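For reference, coords09.txt is printed below; it contains compact mmCIF, C-alpha atoms.
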```txt
# COMPACT_ATOMS: atom_id res chain seq x y z
CA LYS A 1 122.78 152.16 52.13
CA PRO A 2 119.23 150.96 52.76
CA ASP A 3 117.77 148.30 50.49
CA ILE A 4 114.69 146.09 50.19
CA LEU A 5 114.98 142.31 49.90
CA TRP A 6 112.37 139.88 48.59
CA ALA A 7 111.94 136.34 49.88
CA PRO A 8 113.52 133.70 47.61
CA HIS A 9 110.41 131.50 47.85
CA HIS A 10 107.76 134.22 48.41
CA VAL A 11 107.20 136.96 45.83
CA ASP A 12 104.78 138.81 48.13
CA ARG A 13 107.17 139.18 51.09
CA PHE A 14 108.56 142.71 51.48
CA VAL A 15 111.54 143.71 53.61
CA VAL A 16 113.36 146.90 54.62
CA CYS A 17 116.93 147.43 55.86
CA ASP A 18 117.38 150.44 58.14
CA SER A 19 118.20 151.26 61.77
CA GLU A 20 115.31 149.03 62.90
CA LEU A 21 114.59 146.25 60.41
CA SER A 22 110.99 145.52 59.43
CA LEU A 23 109.23 142.97 57.21
CA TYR A 24 105.88 143.09 55.42
CA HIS A 25 103.79 140.73 53.29
CA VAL A 26 102.10 141.95 50.11
CA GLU A 27 98.30 141.74 50.25
CA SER A 28 95.92 142.74 47.47
CA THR A 29 93.91 145.94 47.91
CA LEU A 30 100.51 150.70 54.11
CA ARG A 31 99.36 151.46 50.56
CA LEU A 32 102.16 150.12 48.38
CA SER A 33 100.08 150.44 45.19
CA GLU A 34 96.55 151.31 44.13
CA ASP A 35 95.51 147.64 44.23
CA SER A 36 98.12 146.63 46.83
CA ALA A 37 98.19 147.00 50.62
CA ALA A 38 101.29 146.57 52.78
CA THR A 39 101.01 144.91 56.20
CA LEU A 40 104.00 144.47 58.50
CA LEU A 41 104.80 141.04 59.94
CA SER A 42 107.71 141.48 62.36
CA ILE A 43 109.99 144.42 63.20
CA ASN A 44 113.17 143.79 65.19
CA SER A 45 116.33 145.83 65.81
CA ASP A 46 118.58 142.99 67.00
CA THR A 47 121.44 144.27 64.78
CA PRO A 48 121.74 148.06 65.03
CA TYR A 49 124.07 149.83 62.59
CA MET A 50 124.09 147.05 60.01
CA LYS A 51 127.30 146.17 58.16
CA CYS A 52 126.64 143.36 55.66
CA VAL A 53 123.43 141.74 54.43
CA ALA A 54 123.20 138.22 52.99
CA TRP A 55 120.51 135.66 52.22
CA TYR A 56 120.38 131.86 52.22
CA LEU A 57 119.51 129.77 49.16
CA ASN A 58 117.85 126.99 51.18
CA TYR A 59 114.06 126.94 51.38
CA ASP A 60 114.34 126.03 55.06
CA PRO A 61 114.68 127.74 57.46
CA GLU A 62 112.33 130.50 56.27
CA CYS A 63 113.04 134.22 56.72
CA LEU A 64 116.76 133.49 56.33
CA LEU A 65 118.55 136.84 56.06
CA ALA A 66 122.05 137.40 57.45
CA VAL A 67 122.95 140.42 59.61
CA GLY A 68 126.50 141.49 60.50
CA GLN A 69 127.83 144.10 62.92
CA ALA A 70 130.35 146.88 62.41
CA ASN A 71 132.84 144.95 64.56
CA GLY A 72 132.43 141.84 62.39
CA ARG A 73 130.00 140.07 64.74
CA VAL A 74 127.39 138.54 62.43
CA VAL A 75 123.87 137.84 63.71
CA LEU A 76 121.81 135.06 62.10
CA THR A 77 118.17 135.83 62.94
CA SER A 78 114.91 134.53 61.46
CA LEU A 79 112.02 136.98 61.11
CA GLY A 80 109.30 134.33 61.15
CA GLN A 81 107.93 133.31 64.54
CA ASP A 82 109.42 129.83 64.24
CA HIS A 83 109.75 127.88 67.48
CA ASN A 84 111.24 124.91 65.56
CA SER A 85 112.72 126.31 62.37
CA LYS B 1 120.71 142.94 86.09
CA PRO B 2 118.70 140.41 84.08
CA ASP B 3 115.36 139.30 85.47
CA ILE B 4 112.58 136.88 84.52
CA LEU B 5 109.11 138.29 83.85
CA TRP B 6 105.69 136.94 82.90
CA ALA B 7 102.75 138.28 80.93
CA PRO B 8 100.06 140.04 83.02
CA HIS B 9 97.17 138.44 81.10
CA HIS B 10 98.64 135.07 80.05
CA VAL B 11 100.13 132.59 82.52
CA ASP B 12 101.74 130.32 79.90
CA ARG B 13 104.05 133.12 78.69
CA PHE B 14 107.58 133.03 80.11
CA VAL B 15 110.31 135.58 79.38
CA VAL B 16 114.06 135.67 80.06
CA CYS B 17 115.78 139.05 79.82
CA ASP B 18 119.30 139.40 78.39
CA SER B 19 121.15 141.19 75.62
CA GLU B 20 118.85 139.14 73.35
CA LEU B 21 115.32 138.90 74.74
CA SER B 22 113.66 135.47 74.50
CA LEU B 23 109.89 134.98 74.66
CA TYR B 24 108.51 131.49 75.27
CA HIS B 25 105.08 129.91 75.68
CA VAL B 26 104.55 127.08 78.16
CA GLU B 27 103.03 123.89 76.73
CA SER B 28 102.25 120.54 78.31
CA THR B 29 104.83 117.79 77.81
CA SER B 30 111.72 123.75 73.07
CA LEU B 31 112.93 124.20 76.66
CA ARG B 32 111.97 121.59 79.26
CA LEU B 33 111.21 123.69 82.34
CA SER B 34 110.03 120.63 84.30
CA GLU B 35 109.77 116.88 83.79
CA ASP B 36 106.33 117.11 82.15
CA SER B 37 106.54 120.67 80.79
CA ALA B 38 108.10 122.08 77.62
CA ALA B 39 108.49 125.75 76.68
CA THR B 40 108.66 126.75 73.01
CA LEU B 41 110.19 130.08 72.01
CA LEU B 42 107.79 132.54 70.36
CA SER B 43 110.32 135.07 69.04
CA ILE B 44 113.91 136.24 69.53
CA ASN B 45 114.89 139.92 69.52
CA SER B 46 117.88 141.98 70.68
CA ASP B 47 116.69 145.53 69.95
CA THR B 48 118.22 146.82 73.22
CA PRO B 49 121.90 145.84 73.49
CA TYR B 50 123.52 146.46 76.89
CA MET B 51 120.14 147.45 78.30
CA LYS B 52 119.75 148.65 81.88
CA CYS B 53 116.01 149.01 82.59
CA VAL B 54 112.72 147.62 81.28
CA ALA B 55 109.04 147.39 82.23
CA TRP B 56 105.73 146.08 80.90
CA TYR B 57 102.32 147.37 79.86
CA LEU B 58 99.28 147.77 82.12
CA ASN B 59 96.69 146.76 79.51
CA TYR B 60 95.81 143.58 77.63
CA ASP B 61 95.59 145.63 74.43
CA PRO B 62 98.31 145.64 73.22
CA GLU B 63 100.01 142.49 74.53
CA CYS B 64 103.56 141.13 74.19
CA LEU B 65 105.00 144.63 74.69
CA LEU B 66 107.99 145.27 76.95
CA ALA B 67 110.20 148.31 77.44
CA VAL B 68 113.59 148.57 75.72
CA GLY B 69 115.60 151.23 77.56
CA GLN B 70 119.29 151.26 76.68
CA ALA B 71 122.12 153.01 78.51
CA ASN B 72 121.83 156.04 76.20
CA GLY B 73 118.58 157.05 77.92
CA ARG B 74 116.35 156.40 74.92
CA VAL B 75 113.00 154.78 75.75
CA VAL B 76 111.90 152.25 73.12
CA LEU B 77 108.49 150.59 73.41
CA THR B 78 108.72 147.44 71.27
CA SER B 79 106.12 144.68 70.92
CA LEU B 80 107.31 141.13 70.22
CA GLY B 81 104.06 139.37 69.33
CA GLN B 82 102.65 139.08 65.82
CA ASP B 83 101.47 142.69 65.85
CA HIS B 84 98.69 143.26 63.32
CA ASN B 85 95.88 145.22 65.04
CA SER B 86 97.54 147.11 67.88
```

Can you dump the structure from the file as structure tokens?
Amino acid sequence: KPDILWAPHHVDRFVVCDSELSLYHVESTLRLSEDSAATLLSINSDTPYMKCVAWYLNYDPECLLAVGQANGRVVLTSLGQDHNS
Amino acid sequence: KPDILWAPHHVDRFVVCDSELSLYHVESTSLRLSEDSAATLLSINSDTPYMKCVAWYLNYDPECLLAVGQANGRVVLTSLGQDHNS
């Protein structure tokens, strides 16, 4: 069941949940809308065949979305290129 | 068989290959490679679990691209840098 998640602190951050996860940031004008353009930020497939999706309430660290495996092995990855999140 | 690789155009880029690929940039002095050197991770990705083979591009454009070839035989060309104008 694919779904799109929005950042808790950013209303212009777009996400997608599929076999290879991808993230995009909304920029005014892919062509999301007539006056909107979609530009991807980071696409990673570190958790193939996703099981459960969760998000963190805390502002930091950013790009905090939870990824779990079919065997119950959860992966906690941050999409933003943060050397010191 | 994990192996350590470096970028063909950048010398400050260091990579360690595993089930979860780690890309780091060398900065003067985070991983402390030497006494006066620190390496900061650029991104973390594990798009190729239980991988067997990998390679790298022969052109500066695009950069930060390495092969992701799993045991199933599928060849995945994934780029780890902040890809915007490939």

Checklist entry - What would the list of residues within 12 Å of (99.8, 144.5, 52.6) (file frame) look like as an NGL selection string, if all atoms listed in the file are what count? => result (:A and (12-15 or 23-41)) or (:B and (84))

Could you write out that same residue set with C-alpha atoms as a tab-separated table (two decimals), keeping the file's coordinate frame?
```tsv
chain	number	residue	atom	x	y	z
A	12	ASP	CA	104.78	138.81	48.13
A	13	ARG	CA	107.17	139.18	51.09
A	14	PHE	CA	108.56	142.71	51.48
A	15	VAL	CA	111.54	143.71	53.61
A	23	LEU	CA	109.23	142.97	57.21
A	24	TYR	CA	105.88	143.09	55.42
A	25	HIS	CA	103.79	140.73	53.29
A	26	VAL	CA	102.10	141.95	50.11
A	27	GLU	CA	98.30	141.74	50.25
A	28	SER	CA	95.92	142.74	47.47
A	29	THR	CA	93.91	145.94	47.91
A	30	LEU	CA	100.51	150.70	54.11
A	31	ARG	CA	99.36	151.46	50.56
A	32	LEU	CA	102.16	150.12	48.38
A	33	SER	CA	100.08	150.44	45.19
A	34	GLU	CA	96.55	151.31	44.13
A	35	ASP	CA	95.51	147.64	44.23
A	36	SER	CA	98.12	146.63	46.83
A	37	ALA	CA	98.19	147.00	50.62
A	38	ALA	CA	101.29	146.57	52.78
A	39	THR	CA	101.01	144.91	56.20
A	40	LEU	CA	104.00	144.47	58.50
A	41	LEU	CA	104.80	141.04	59.94
B	84	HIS	CA	98.69	143.26	63.32
```

Checklist entry - Using all atoms listed in the file, which of the listed residues (A:42, A:85, A:58, A:71) sits closest to residue B:45? => result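 The closest residue to residue B:45 is A:42.
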
Got a sec to pull out which chain A residues are within 7 Å of chain B, counting all atoms listed in the file, and send them as a CSV table (one decimal) with C-alpha atoms, in the coordinates of the input?
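iface.csv, written as the output of this step:
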```csv
chain,number,residue,atom,x,y,z
A,41,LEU,CA,104.8,141.0,59.9
A,42,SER,CA,107.7,141.5,62.4
A,44,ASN,CA,113.2,143.8,65.2
A,45,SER,CA,116.3,145.8,65.8
A,46,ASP,CA,118.6,143.0,67.0
A,81,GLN,CA,107.9,133.3,64.5
A,82,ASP,CA,109.4,129.8,64.2
A,83,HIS,CA,109.8,127.9,67.5
```

Find the residues with any atom within 12 Å of (125.0, 136.8, 57.7); use only C-alpha atoms and the coordinates as given in the file, and write the answer as a PDB file with C-alpha atoms, keeping the file's coordinate frame.
```pdb
ATOM      1  CA  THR A  47     121.440 144.270  64.780  1.00  0.00           C
ATOM      2  CA  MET A  50     124.090 147.050  60.010  1.00  0.00           C
ATOM      3  CA  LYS A  51     127.300 146.170  58.160  1.00  0.00           C
ATOM      4  CA  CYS A  52     126.640 143.360  55.660  1.00  0.00           C
ATOM      5  CA  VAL A  53     123.430 141.740  54.430  1.00  0.00           C
ATOM      6  CA  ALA A  54     123.200 138.220  52.990  1.00  0.00           C
ATOM      7  CA  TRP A  55     120.510 135.660  52.220  1.00  0.00           C
ATOM      8  CA  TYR A  56     120.380 131.860  52.220  1.00  0.00           C
ATOM      9  CA  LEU A  64     116.760 133.490  56.330  1.00  0.00           C
ATOM     10  CA  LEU A  65     118.550 136.840  56.060  1.00  0.00           C
ATOM     11  CA  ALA A  66     122.050 137.400  57.450  1.00  0.00           C
ATOM     12  CA  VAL A  67     122.950 140.420  59.610  1.00  0.00           C
ATOM     13  CA  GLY A  68     126.500 141.490  60.500  1.00  0.00           C
ATOM     14  CA  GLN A  69     127.830 144.100  62.920  1.00  0.00           C
ATOM     15  CA  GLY A  72     132.430 141.840  62.390  1.00  0.00           C
ATOM     16  CA  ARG A  73     130.000 140.070  64.740  1.00  0.00           C
ATOM     17  CA  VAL A  74     127.390 138.540  62.430  1.00  0.00           C
ATOM     18  CA  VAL A  75     123.870 137.840  63.710  1.00  0.00           C
ATOM     19  CA  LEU A  76     121.810 135.060  62.100  1.00  0.00           C
ATOM     20  CA  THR A  77     118.170 135.830  62.940  1.00  0.00           C
ATOM     21  CA  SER A  78     114.910 134.530  61.460  1.00  0.00           C
TER      22      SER A  78
END
```

Can you report as lines of an AutoDock Vina configuration file the centre and edge lengths in Å, to one decimal, of an axis-aligned box around the listed atoms of stretch 61-69 of chain B padded with 8 Å on each side?
```
center_x = 105.6
center_y = 146.2
center_z = 75.4
size_x = 36.0
size_y = 26.1
size_z = 20.3
```

Item to check | Distance in Å - atom CA of residue B:14 versus atom CA of residue B:56 | outcome: 13.2 Å

Item to check | For residue B:17: contacts at 10 Å, only C-alpha atoms, fewer than 4 positions along chain excluded, given as an NGL selection string | outcome: :B and (1-5 or 21-23 or 46 or 51 or 54)

For the residues in that selection, give me C-alpha atoms as an mmCIF file, in the coordinates of the input.
```cif
data_model
loop_
_atom_site.group_PDB
_atom_site.id
_atom_site.type_symbol
_atom_site.label_atom_id
_atom_site.label_comp_id
_atom_site.auth_asym_id
_atom_site.auth_seq_id
_atom_site.Cartn_x
_atom_site.Cartn_y
_atom_site.Cartn_z
ATOM 1 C CA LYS B 1 120.710 142.940 86.090
ATOM 2 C CA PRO B 2 118.700 140.410 84.080
ATOM 3 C CA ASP B 3 115.360 139.300 85.470
ATOM 4 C CA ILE B 4 112.580 136.880 84.520
ATOM 5 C CA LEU B 5 109.110 138.290 83.850
ATOM 6 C CA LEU B 21 115.320 138.900 74.740
ATOM 7 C CA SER B 22 113.660 135.470 74.500
ATOM 8 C CA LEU B 23 109.890 134.980 74.660
ATOM 9 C CA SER B 46 117.880 141.980 70.680
ATOM 10 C CA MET B 51 120.140 147.450 78.300
ATOM 11 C CA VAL B 54 112.720 147.620 81.280
#
```

Checklist entry - Between atom CA of residue A:3 and atom CA of residue B:72, what is the distance, to one decimal in Å? => result 27.2 Å

Item to check | One-decimal distance in Å that lies between atom CA of residue A:7 and atom CA of residue A:60 | outcome: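 The value is 11.8 Å.
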
Checklist entry - In terms of the shortest atom-to-atom distance over all atoms listed in the file, which of B:76, B:36, B:85, B:29 is closest to residue B:61? => result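 Under the stated criterion, the closest residue is B:85.
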
Checklist entry - Of the residues B:13, B:34, B:28, B:52, which is the one nearest to residue B:75, using only C-alpha atoms? => result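 The shortest atom-to-atom distance to residue B:75 comes from B:52.
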